[PDB]
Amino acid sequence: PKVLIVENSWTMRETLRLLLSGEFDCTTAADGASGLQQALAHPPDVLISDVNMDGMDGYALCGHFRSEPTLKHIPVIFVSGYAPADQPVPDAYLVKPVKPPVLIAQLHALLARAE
């Protein structure tokens, strides 16, 4: 399964990528804008994103995903330090520090549901 990881911290971005590389094909991006570009080009099976970012925030990124016919179906997982009907919402939300095993299980559940 292709997992797209959007996160401002390079050390954190690198951590998830390596930890998930076992059973997932991970793509990595430093911000929403970059993440969205890569997604449109090759839609991932699931998105992992931070919420409070430097530029575009998690919900706006999710918002773009929900609006793009090509990514609308992609389940989204929010990973943040912090815990309306017309606005976008993630399919799952994990609060840092994230326990690797929990994250993995979440990915599989979401990936299975979307399918």
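Residue positions are given as counts along the sequence shown, with the first one as 1.
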Neighbours in the displayed sequence, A41 and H42 may still hide a gap; how many deposited residues lack coordinates there, none, 1 to 3, 4 to 9, or 10 or more? none
Which is higher on average in the deposited entry, the C-alpha temperature factors of 84-92 or of 47-55? 84-92
Look over 58-66 and 24-32 in the entry and identify the one with the greater average Cα temperature factor. 24-32
Mind checking which third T15 falls in for C-alpha B-factor across the chain? highest
